[PDB]
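Asks: Sharing an experimental structure here, sequence included.
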Amino acid sequence: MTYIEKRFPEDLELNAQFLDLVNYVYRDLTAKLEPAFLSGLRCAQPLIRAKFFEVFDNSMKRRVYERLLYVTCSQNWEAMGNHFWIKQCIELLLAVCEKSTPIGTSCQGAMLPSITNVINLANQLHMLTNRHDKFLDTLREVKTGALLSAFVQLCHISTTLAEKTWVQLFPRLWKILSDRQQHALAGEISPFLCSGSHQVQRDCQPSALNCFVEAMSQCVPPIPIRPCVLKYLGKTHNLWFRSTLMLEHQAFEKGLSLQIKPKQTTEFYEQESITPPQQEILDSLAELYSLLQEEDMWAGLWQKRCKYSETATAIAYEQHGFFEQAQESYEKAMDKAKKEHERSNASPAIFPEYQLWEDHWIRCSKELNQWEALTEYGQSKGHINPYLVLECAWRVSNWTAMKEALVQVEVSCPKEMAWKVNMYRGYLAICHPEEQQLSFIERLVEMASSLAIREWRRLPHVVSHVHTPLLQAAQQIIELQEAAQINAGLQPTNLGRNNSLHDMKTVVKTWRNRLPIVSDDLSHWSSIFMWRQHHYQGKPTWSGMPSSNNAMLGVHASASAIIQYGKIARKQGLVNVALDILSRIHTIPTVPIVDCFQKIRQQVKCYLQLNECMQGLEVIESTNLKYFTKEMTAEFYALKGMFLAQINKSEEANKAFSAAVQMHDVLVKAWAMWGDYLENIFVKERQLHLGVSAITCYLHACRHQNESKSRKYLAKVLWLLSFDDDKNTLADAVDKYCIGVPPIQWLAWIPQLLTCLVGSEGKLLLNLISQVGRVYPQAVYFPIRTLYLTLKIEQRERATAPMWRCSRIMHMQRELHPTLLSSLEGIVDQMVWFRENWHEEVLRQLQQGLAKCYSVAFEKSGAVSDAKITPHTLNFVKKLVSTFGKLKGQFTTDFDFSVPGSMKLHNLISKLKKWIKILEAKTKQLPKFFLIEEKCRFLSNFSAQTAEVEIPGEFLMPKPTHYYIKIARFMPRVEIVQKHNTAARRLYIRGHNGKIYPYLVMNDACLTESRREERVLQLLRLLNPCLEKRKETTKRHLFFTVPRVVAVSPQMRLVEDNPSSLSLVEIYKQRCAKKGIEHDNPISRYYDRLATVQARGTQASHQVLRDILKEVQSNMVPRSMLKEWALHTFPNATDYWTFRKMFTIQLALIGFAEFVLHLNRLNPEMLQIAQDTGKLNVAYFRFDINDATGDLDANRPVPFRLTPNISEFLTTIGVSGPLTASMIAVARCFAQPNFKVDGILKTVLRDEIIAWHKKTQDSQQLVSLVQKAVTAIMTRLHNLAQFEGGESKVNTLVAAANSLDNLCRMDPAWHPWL
Amino acid sequence: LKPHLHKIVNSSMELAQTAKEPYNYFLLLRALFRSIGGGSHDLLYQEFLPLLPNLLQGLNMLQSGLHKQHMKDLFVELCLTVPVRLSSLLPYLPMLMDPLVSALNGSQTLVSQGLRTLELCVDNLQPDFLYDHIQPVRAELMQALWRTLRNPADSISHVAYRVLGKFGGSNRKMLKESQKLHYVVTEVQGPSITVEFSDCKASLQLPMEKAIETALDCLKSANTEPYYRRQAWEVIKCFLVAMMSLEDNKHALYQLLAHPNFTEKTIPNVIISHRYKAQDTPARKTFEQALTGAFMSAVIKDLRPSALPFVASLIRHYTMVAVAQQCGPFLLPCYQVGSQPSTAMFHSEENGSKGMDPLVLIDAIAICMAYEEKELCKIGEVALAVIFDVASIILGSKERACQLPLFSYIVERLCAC
Amino acid sequence: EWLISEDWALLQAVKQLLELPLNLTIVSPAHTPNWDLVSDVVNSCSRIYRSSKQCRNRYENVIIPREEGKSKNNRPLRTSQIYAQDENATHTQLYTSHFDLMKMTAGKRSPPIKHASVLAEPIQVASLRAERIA
């Protein structure tokens, strides 16, 4: 029975007869062939399966509870292997259902009505009647047994159908049982899950246990589950995220919070026990987070349960680097704990908090390059840890400890870590203590790779940090094999052979480029570089006797490895360890002079980046006794100049720059620092003839460098421009020396270029815009269209030199590229057809008016209920009837508005509300679908043949890459959609690459307002690149995700979009329409109850504000709407978790941007969340500046939006983990003095404030005001980037944001409750 | 072979754009690519060189369409394996990325070929330069790579892992796009069938949205066992008989079908259009899927003997109810003398169309017509003929049958294809 | 080297998770014992993990004799009494020794630690910009 199948499974008949015999025997202990019987129940041939099931179904009772018991206690499923027994489970359970009943459903709403039904709602024909009767009868007698018998077959053939049917069926079955027996079953489910009989299913991706746990999660009385078994299930059956969600739900409902431990455990009497329950659920969950590499969530958990204070500080330090500080903080924590334990009990509660310090001290120590210390500790005199020695001893010169330290590790067999030991065997196999033949390493590497892939197959479906170790290992595995090949090339037969000499050069060149990224901890980088250094050291030994450069090749490889390792060490901030690593180079007797130059350069950079000025002098002046190479003489001259600049030295630094430029002129950084010094001089005591030096220097710097590392100097140029006087000598220097600077750079500064051109004497500047447009037509056209039409609109509503220049450019570049310009104009002119019908025309203005008047109502909140409409709002109301004032609406609106717009504010608001309601309701009947072919022509005919045009917005950011995508065809359909303040139409483009790209054509008034939003978007776009230069920011994948918008025309513009994107207010609208009220009730209650309290001669008071917030949140705005929506819209756990984490990550950046840059407040509708990816983008922030003055201040109650209905979805751990870490990391990143974040603000804000100055009335006044305004940004940044005893101010303001005492007194329009 | 190589290439490319069987041109193109390559050439490559900028761009455009599966596989295969040495292909490197990405999502042969090419270029392309040219599609290329490691064919996964390792840190460098998540947009569930027990006399309701989707997939599939085809059709038939009412007698049907106002009274000119349809609600989506499956069952042999006599009567009943709703003494208000193409016509969550509207039948017909296998057109036309026949029979004249609103939807929906 | 902590941890794990008699008498077929689960739970607090093989080995070779009470170990008190008594010694001593050792390690080694043309003078500042072109 068990021999016939395992080595002869390819048969289909012999197995058939054998299973027939097995089936027969069970009809007549000899009933011990259960493995074969169960294999029979999973046979492919349907008839065999039915025959087996026939008897299997009579070995039970005709009841549901009995069969649910049988699948849980009276049956062993270990018999079948990678099968999915839930299919047989479904069969057995459904087998008890009736079969003789005529079919029926409860879905009366989806039923198809009968023909005679229409009566109830109130002779060929005869032959047809009878022909219908005789079909109706035969369709009348069908009985459900048919459907039930067939459903299970489809379940058999398809696994996904089976699993989803099980998930949807088990909860329903649960309700059938009475509680008297539900509890009995639930008691024994937990035994079922832990049983080892399910071990075989460990590697099955759709494991039959995974489906079972998923299915039970929905049982309406939550089935209990031990908090420890869940960790193991997540580990094995790939239930990671579902397990974590279950544990979180238990933690935040069972303990109601973290074991926050406000005081010492000797007085923290509320501990649940010496090994507290509701604390194992915390530790298992913490371990799950640690496994998932979710270090931020883990830290957010440990900073909320820790007993000692020191551990929290160490976690904060380590989580952001500063490893040297984290190590000492841990050491002091251990010391303080020891001095208590020496006269105190163990308190088993703090076991994990104890081992945590050891683990993280190891982690910090290794990443500081304390390898020898770690090895010695690992081989402690007692309590030895072998794995640490195995990991560390080979990086150090030792080659004996690891040889020993493998034997006990192998017997330990840490599965899920098995690839590492197999890989490590190869290290000895190559760098054997004595020697090895290294021929078998191929099997080692292939086994390691296979096992790594096997492990990968059990991690979640969507890649995250959890997958980082494997992607990180791949490189070192292949480098092990690569070094094995080279060593094989070093055998005496092959050693010194030209063929090998070629292979070694190829491999060294390959290695010198394949590197990790800056987001990989210094431990991993150490692994790679020491592994390489071992073999680099090998070659000089054999070539150590012919003028053999092979030894020189090895020397170069080793020196480069050392220098690069030290360089990256410096890049991460560990200057001291970088200093030691670089100083190690002295041990080599012979080194190329260029390597010495690089060494001194790195050391002097280290000195600069921490001061040690006299060491920086000595390390330079001690060199070039007779002759170093000629070129870097400039390099050390420039370095000395910048040292002298760091210190108060002035003219010798000038001599230093003059010397540095003396020979080759191509040293970019020398120009950069000379310009910085000259600008520092020129900021005061102008002596403007000196000023040209800075512009010359920056332009020279940008001449050679290109496409990046240049934008800062262009910002410096455009800032210094504003100092030019009437005798515009700075313009003269620009013209005389901006020659040859490539146009590609300027694309990033188009709007600033234009706004400066519109100014006085812009004619001299017009040369550069002409140059750029000549090369990049599409880039400068649309901005010029919009600006020229803006001037035409303004000068007409109120032929001019600005318009003259704009035309002088447009009709000049018309000479070139006439086809392209003609095509663009054709598109734009056609696009006018997208205008909306009267309904939307009215509703846009009504929405604007409602927002405008609610703003005032808040401004008059706590004051007269009879507040009066302002002259501005009344002017808007008058314009409404003027432009619109179909019979009923035309009649009603003209008497409900215009001059009648006066009188009581709160009655006009109600009338506006009901008018909005009625018009929006009428809009339902509109078609939701219309084509390009009708009512517009030229777009449909568009194709790549006409002219090549880039996807609108591709030029928003210059890139040396070609990267450009052309339009291929406009799709034949366009969709009408709702939106926050409009119903703009959507159209689908198809690029030349075949992808679709939906777009929104939005039309708006108040052009001057709209042109600030793209300014802030430009700033965000220009800032994103700096987020890629730092480890702390890269680790968490931080980016601003600015969408793409292009100014087609002043009245309307294009913006990128994706379906499925919706704003919070939309979710609120959905869940409100799910009930018998409308969305405006919260503000209604707020204002009406405030008014009633006011009517008793009582002024607004903090307490009643808090009361109204609490009550409105209690009854009509429960906090769970956001989480409940996320739950029902992501019923798959992994998607839920990733969506939530991406949501939090993006919201962190949103809040930081809102605060540091003094932006407008974030209303609910203003925030858009992408359901498909969870990314966040805002509805066009804008700098908040006072009408009265351009002081640029934003002092609202809450620094940024953290509504409770968001916090509960993020849960307490998230709001204290990722958010705070991300904000602090960003603030640290921008604070870098290396990045000239000055100019990128001192230009954008200089542009911005002109928009204010124009709306209300152009000299050094502007310079001084922008200089002031930028210092507000600088202060609000520095004062949350510094690290101190209070590790960051962020702690204060994140707590402020969610505090009730700062939300309840927020504008009700701002929806602090949602 | 040196002369008129340009002809066999360019003329074949041009001609393939228009023919009832373009397959063969690409077949012989594949043959030419294989033969001319593999070192059987010195001057043939030199002759081939100028063809690259046009041929490669043409193939890149071609593979981006929505062609049948085998055609797409052939396109991606052709785009790779172009007879050119590793070097000197650099200028045109960017325009084979998308085909390369498409390969990794195809069948095992395509995946293996794609990985082979990717490694081949990686080994010798100076990673900085290669990354520069890979940047445009990295976001999707890396997702495809990471997905391949789950491939059961270990011979694929091992190569994929070696490739991922061959990249430096770039194998994980931040992607500018997150992975697409699945989500449910409907806050309501699908239909359900009653199943009851003697246990506490309770009854149970279970869904079959996914069940019928899987049945439809099985019928669509080209290699399902015929037994499973029969089972799927049984499921579909039972569902369709469940989702209709079988109430009325002979007289109740006769005394209404024979009523005046079915032949004498005028027919209001009520336009109907799918441009006013809200959304494919689950109750309508599953119903349309079930009807399309039923059509796929009538066409397919060994089910035709029982499917057709059933599907024909289903049409004969759907048309009868549809007309009775929009004609005769008791029409619904949504077909009243004055009415527009309202959303009331179609089943919607808030406006239940008095149950399920018969118009879904037309959407099923439209879908089966537009399906890849044109064979379904032969049953679609039969359905249309039966509909017209029944309408004419009850209305007394074909011209009257043509005025009935249903046909206004029919024309628009079918033309929408 | 294994301590009372691991012994009691795995004993209680087997007793209360698998819901199985200490003699591993399988009352009902579906609930077979699982030793990887026990290995995980015990490793959750052990200083160094040990394979489920070693966990079951320790069970069979120590706990089964230890628990029975009729063993010739002077009528042992079973692991429960020992675990109750030794709250302090092992927990405190192991970690304190580790902390002291790594403090000594921190102290160890050490508490961590002309030309082609030159000298134009500065008239060159502006003139040189253009003069150097040729």
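Replies: Yes, it's here. Numbering: from 1, shown residues only, chains lettered A, B, ... in the order given.
Asks: Could you find the closest non-adjacent residue to the residue nearest the centre of chain C?
Replies: Taking C-alpha atoms, centre = their mean, the centroid of chain C lies closest to residue C:47, which sits 3.8 Å from it. Nearest non-adjacent residue to residue C:47, counting by C-beta to C-beta, 6 or more residues apart in numbering or on different chains: residue C:94, 6.6 Å away. Every residue, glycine included, has its C-beta placed from N, CA and C.
Asks: Please name every helix or strand in contact with the helix or strand that contains that neighbour.
Replies: Assigned by DSSP states H and E, residue C:94 belongs to helix C:89-107. Where contact means 3 or more C-beta pairs under 8 Å, 6 or more residues apart in numbering or on different chains; DSSP states H and E, helix C:89-107 is packed against helix A:323-341, helix A:351-367, helix A:371-378, helix C:4-16.
Asks: Nearest to residue A:1179, out of these?
Replies: Closest to residue A:1179 of the helices and strands packed on helix C:89-107 is helix A:323-341 (C-beta to C-beta; 40.7 Å).
Asks: can you pull the buried residues of that closest one?
Replies: A:323-331, A:333-334, A:337-338, A:341 (16 or more other C-beta atoms under 10 Å in any protein chain shown).
Asks: Show me what it is packed up against.
Replies: Counting by 3+ C-beta pairs under 8 Å, 6+ apart, helix A:323-341 packs on helix A:310-319, helix A:351-367, helix C:89-107.
Asks: Would you convert those helices into a markdown table that also reports mean neighbour count?
Replies: Below are these laid out as a markdown table (neighbours: other C-beta atoms under 10 Å in any protein chain shown):
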| stretch | mean neighbour count |
| --- | --- |
| helix A:310-319 | 22 |
| helix A:351-367 | 20 |
| helix C:89-107 | 17 |
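Asks: In a markdown table, list these along with distance to residue A:1170.
Replies: Converted to a markdown table, these look like this (distance: least, C-beta to C-beta, whole Å):
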| stretch | distance to residue A:1170 |
| --- | --- |
| helix A:310-319 | 28 |
| helix A:351-367 | 35 |
| helix C:89-107 | 48 |
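Asks: what about those, which gets the closest to residue A:1091?
Replies: That would be helix A:310-319 among those, by C-beta to C-beta, at 47.1 Å.
Asks: Let's see that closest one as CSV, backbone CA atoms only.
Replies: Presented in CSV, the C-alpha positions along helix A:310-319 are these (Å, rounded to 0.1, in the frame of the first residue of the first chain):
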residue,chain,number,x,y,z
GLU,A,310,18.6,54.9,30.2
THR,A,311,17.4,52.3,27.8
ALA,A,312,15.0,54.8,26.2
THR,A,313,17.9,57.2,25.6
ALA,A,314,20.1,54.4,24.2
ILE,A,315,17.3,53.4,21.8
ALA,A,316,16.8,57.0,20.7
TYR,A,317,20.5,57.4,20.0
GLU,A,318,21.0,54.1,18.2
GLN,A,319,17.8,54.5,16.1
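Asks: what's in contact with it?
Replies: A:295-296, A:299, A:302-303, A:306, A:323, A:325-326, A:329-330, A:332-333, A:336, A:353, A:356-357, A:360, A:363-364, A:1221, A:1283, A:1287 (C-beta atoms under 8 Å, 6 or more residues apart in numbering or on different chains).
Asks: What of stretch A:876-896?
Replies: Contacts for stretch A:876-896 (C-beta under 8 Å, 6+ apart): A:838, A:841-842, A:845-846, A:848-849, A:852, A:869, A:897-899, A:901, A:908, A:911, A:915, A:919.
Asks: list the contacts for residue A:635?
Replies: A:597, A:601, A:660, A:667.
Asks: what's the answer for residue A:1135, then?
Replies: A:462, B:181-183.
Asks: helix/strand/coil for it?
Replies: Judged by DSSP: H, G, I helix; E, B strand; the rest coil, the three-state class of residue A:1135 is helix.
Asks: burial of the residue of chain B at minimum distance from chain C, as a residue count?
Replies: Using C-beta to the nearest C-beta, the closest approach of chain B to chain C is made by residue B:199 at 22.7 Å. Using other C-beta atoms under 10 Å in any protein chain shown as the criterion, residue B:199 is surrounded by 16 other residues.
Asks: Residue B:235 now?
Replies: 26.
Asks: Briefly note if the helix or strand containing it comes near chain A.
Replies: Residue B:235 belongs to helix B:226-242 when assigned by DSSP H and E. Yes - using C-beta under 8 Å from any C-beta of the partner chain, helix B:226-242 reaches chain A at B:227-228, B:231-232, B:234-235, B:238-239, B:241-242.
Asks: mind checking the SS state of residue A:990?
Replies: strand.
Asks: now it, which residues is it bridged with?
Replies: Judged by DSSP bridges, the bridge partners of residue A:990 are residue A:969, residue A:996.
Asks: How about residue B:5: what's its closest non-neighbour residue?
Replies: residue B:47 is the one closest to residue B:5 (C-beta to C-beta, 6+ apart), at 5.5 Å.
Asks: what do you get for residue B:41?
Replies: residue B:83 (7.3 Å).
Asks: re the thing from before, got TSV for the contacts of residue A:1135, with distance to residue A:546 and neighbour count too?
Replies: Output for the contacts of residue A:1135, formatted as TSV (distance: C-beta to C-beta, whole Å; neighbours: other C-beta atoms under 10 Å in any protein chain shown):
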residue	distance to residue A:546	neighbour count
A:462	57	19
B:181	64	21
B:182	66	12
B:183	70	18
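Asks: Looking at those, spot the one nearest residue C:58.
Replies: Once C-beta to C-beta is applied, the member of the contacts of residue A:1135 that ends up nearest residue C:58 is residue A:462, at 39.4 Å.
Asks: can you confirm the closest one is in a strand?
Replies: No - secondary structure of residue A:462 (three-state DSSP): coil, not part of a strand.
Asks: contacting residues around it?
Replies: A:1134-1135, A:1138, B:179, B:181.
Asks: of all the residues in the stretch 101-250 of chain A, which ones are close to chain C?
Replies: A:190-192, A:194-197, A:199, A:226, A:228-229, A:231-232, A:235-236.
Asks: If we use 6 Å, what do you get?
Replies: A:191-192, A:194-197, A:228, A:232 (C-beta under 6 Å from any C-beta of the partner chain).
Asks: Tell me the secondary structure at residue A:974.
Replies: Going by three-state DSSP: residue A:974 is strand.
Asks: how much space between it and chain C?
Replies: According to C-beta to the nearest C-beta, to the nearest Å, residue A:974 and chain C sit 57 Å apart.
Asks: Quickly list what that residue is bridged to.
Replies: Applying DSSP bridges, one finds that residue A:974 bridges with residue A:930, residue A:987.
Asks: Help me confirm that the residue nearest to residue B:5 comes into contact with residue B:6.
Replies: No - contact criterion C-beta atoms under 6 Å: residue B:47 and residue B:6 do not qualify, at 7.8 Å.
Asks: So stretch B:185-195, near chain A or not?
Replies: Yes - residues of stretch B:185-195 contacting chain A under C-beta under 6 Å from any C-beta: B:191, B:193-195.
Asks: typo on my end, it should be stretch B:126-136
Replies: Yes - applying C-beta under 6 Å from any C-beta, one finds stretch B:126-136 touching chain A at B:127, B:136.
Asks: which residues are contacting that stretch?
Replies: A:513, A:963, B:93-94, B:170 (C-beta atoms under 6 Å, 6 or more residues apart in numbering or on different chains).
Asks: which among these end up buried?
Replies: Here, 16+ other C-beta under 10 Å leaves B:94, B:170 buried among these.
Asks: For the helices and strands packed on helix C:89-107, could you give me CSV that also reports distance to residue C:122?
Replies: Below are the helices and strands packed on helix C:89-107 laid out as CSV (distance: least, C-beta to C-beta, whole Å):
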stretch, distance to residue C:122
helix A:323-341, 43
helix A:351-367, 48
helix A:371-378, 51
helix C:4-16, 77
